[PDB]
Amino acid sequence: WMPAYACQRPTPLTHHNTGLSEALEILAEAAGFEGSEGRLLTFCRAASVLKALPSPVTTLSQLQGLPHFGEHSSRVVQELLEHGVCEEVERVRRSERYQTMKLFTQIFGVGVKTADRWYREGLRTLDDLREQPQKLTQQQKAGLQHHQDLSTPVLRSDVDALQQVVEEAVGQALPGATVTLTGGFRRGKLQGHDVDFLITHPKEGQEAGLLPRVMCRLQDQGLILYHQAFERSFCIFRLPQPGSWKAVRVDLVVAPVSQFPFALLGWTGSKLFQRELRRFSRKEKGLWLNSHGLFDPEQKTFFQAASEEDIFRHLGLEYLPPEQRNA
DNA sequence: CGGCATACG
DNA sequence: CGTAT
DNA sequence: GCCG
Ligand SMILES: [Mn+2]
Ligand SMILES: [Mn+2]
Ligand SMILES: [Mn+2]
Ligand SMILES: [Mn+2]
Ligand SMILES: [Mn+2]
Ligand SMILES: [Mn+2]
Ligand code: NA
């Protein structure tokens with residue numbers, strides 16, 4: 001009834017088991033803060049299974065036969081169904097370790113390994129980090145300075161204005177080049193932490209050298225608060241606001257049109273969806289998938305794709321629109 | 001038990 | 001090390 | 001933590 005891989009089932013943005021999935025995702029996040037990628041993955045997958053169910057789970061027996069539910073995830077759900085709360089989840093929520101690793105890793109430029117080291121050094125607050133700025137990278141200094149704005153959700157309204165701005169600079173850098181909205185907003189989210197754009201050009205090869213030209217023009221318009229040949233740019237944009245402005249994270253990515261379907265697929269996510277899709281491709285089909293292409297290692301050939309639909313067909317999967325990739 | 005996605009900056 | 005989905 |  002329920003396939004094992006998230007890429008084999010539709011997952012809508014909103015669903016019927018929100019509280020249960022959020023609890024399991026707390027445990028997934030905490031596992032990640034402790035370097036347990038395997039446990040993170042299982043809890044993520046179990047959470048996603050519930051997102052894909054057609055109705056609420058009300059009794060423990062409804063978990064029987066569901067992939068990725070074993071003793072641990074089942075007990076989490078059991079406690080939530082019986083008591084409305086899971087003691088393990090609540091203990092994580094209020095732990096100093098969890099709250100601080102969450103606070104630190106949310107900083108642009110800070111990963112788990114950096115946050116862990118800072119935690120072991122006794123640091124606990126953002127002001128603790130501001131006191132010793134000589135230990136910060138330029139990227140972390142930017143992430144810390146802009147942290148408050150970057151913690152404010154980006155609205156769909158913000159996205160349209162940013163897209164117009166990016167297209168203006170893209171059109172000057174290379175007439176005919178296109179801008180596609182990707183990431184969470186393409187999956188139908190109404191808010192997000194950042195905005196993701198994919199840029200290409202209909203004439204293979206014309207996109208070479210494009211991203212530096214785009215960035216130079218955005219920077220000349222005074223719109224870049226922070227950025228690093230290249231094909232991915234992780235920026236902080238100055239977004240106009242009523243009588244002011246706010247910092248917003250924007251990712252710009254360039255791909256040649258031959259690779260565009262693969263890059264669109266990868267950059268549209270979700271993160272779990274893409275990991276599961278790549279896992280499925282390799283383990284079930286013997287094909288190697290990334291945001292550049294799909295490789296047959298036996299024939300030593302790349303699949304040509306003209307669309308996302310092509311890629312799902314190549315992999316023997318029913319097509320899923322972006323709004324059903326919210327694994 | 002081994003595996004857990006796969007890149008770029 | 002960071003970043004991305 | 002769970003699957004095959
Ligand atoms: Mn009980
Ligand atoms: Mn995004
Ligand atoms: Mn992004
Ligand atoms: Mn490339
Ligand atoms: Mn093992
Ligand atoms: Mn993201
Ligand atoms: Na971070």
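Sequence lines set the chain letters: A, B, ... in the order given, protein chains first and strands last, and positions in each chain run from 1. We use all heavy atoms of the structure for the numbers below, so side chains are in, but hydrogens, waters and symmetry mates are not.
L289(A) comes within 4.0 angstrom of the backbone, heavy atoms only, and of no base. Using a 4.0 Å heavy-atom distance criterion, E231(A) is classed as a sugar-phosphate-only contact.
At the phosphate of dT6(B), neither OP1 nor OP2 sits under 4.0 Å from any side-chain N or O atom of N290(A). Contact annotation: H68(A) does not reach the phosphate of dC2(D) (side-chain N/O to OP1 or OP2, under 4.0 Å). Residue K283(A) has a polar side-chain atom (N or O) positioned under 4.0 Å from OP1 or OP2 of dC4(B). Residue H227(A) places no side-chain N or O under 4.0 Å from the OP1 or OP2 atom of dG9(B).
Look at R217(A) and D220(A) and you find no salt bridge, because none of the NZ, NE, NH1 or NH2 atoms lies under 4.0 Å from a carboxylate O. Between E121(A) and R117(A) there is a salt bridge, with a side-chain nitrogen of the basic residue lying less than 4.0 Å from a carboxylate oxygen of the acidic one. Between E34(A) and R39(A) there is no salt bridge, since no side-chain N of the basic residue sits under 4.0 Å from a carboxylate O of the acidic one.
Closest to the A4(A) side chain, of the nucleotides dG4(D), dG1(D), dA7(B), is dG4(D).
Distance check on atom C1': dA7(B) versus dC2(D) gives 26 Å, rounded to whole Å.
Here the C1' atom of nucleotide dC2(D) and the CG atom of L24(A) are 13 Å apart, to the nearest Å. Atom CD in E276(A) sits about 12 Å away from atom P in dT6(B), given to the nearest Å. For the pair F230(A) CZ and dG9(B) P, the interatomic distance rounds to 8 Å; values are reported in whole Å. The distance between atom CZ of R39(A) and atom P of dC2(D), rounded to the nearest whole Å, is 9 Å. Separating the CG atom of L252(A) from the P atom of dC8(B) is a distance of 18 Å, rounded to the nearest angstrom. Whole-Å rounding puts the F262(A) CZ to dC8(B) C1' distance at 18 Å. The distance from atom CG of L277(A) to atom P of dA7(B) is 14 Å, rounded to the nearest whole Å. The CD atom of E284(A) sits 13 Å away from the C1' atom of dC4(B) (whole-angstrom rounding).
Taking the six-membered ring where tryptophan is involved, the planes of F104(A) and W118(A) are perpendicular, since the angle between them exceeds 60° and thus also 30°.
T125(A) and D128(A) are linked by a side-chain donor-acceptor pair at a separation below 3.5 angstrom, with hydrogens and angles left out of the test.
Taking the six-membered ring wherever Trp is involved, the centroid distance between the rings of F303(A) and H314(A) falls below 6.0 Å. In this structure, the ring of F302(A) has its center no less than 6.0 angstrom from the ring center of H292(A).
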Considering only nitrogen or oxygen atoms on both sides, find all protein atoms under 3.5 Å from nucleotides 1-5 of chain C and state each distance.
residue	atom	partner	partner atom	Å
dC1(C)	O3'	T114(A)	OG1	3.1
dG2(C)	OP1	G111(A)	N	2.8
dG2(C)	OP1	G111(A)	O	3.4
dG2(C)	OP1	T114(A)	N	3.1
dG2(C)	OP1	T114(A)	OG1	2.6
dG2(C)	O3'	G109(A)	O	3.4
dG2(C)	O3'	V110(A)	N	3.4
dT3(C)	OP1	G109(A)	N	2.8
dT3(C)	OP1	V110(A)	N	3.3
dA4(C)	OP1	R249(A)	NH2	2.9
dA4(C)	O3'	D251(A)	OD2	3.3
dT5(C)	OP1	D194(A)	OD1	3.2
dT5(C)	OP1	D194(A)	OD2	3.3
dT5(C)	OP1	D196(A)	OD1	3.0
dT5(C)	OP1	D196(A)	OD2	3.1
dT5(C)	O3'	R187(A)	NH1	3.3
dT5(C)	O3'	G269(A)	N	3.4

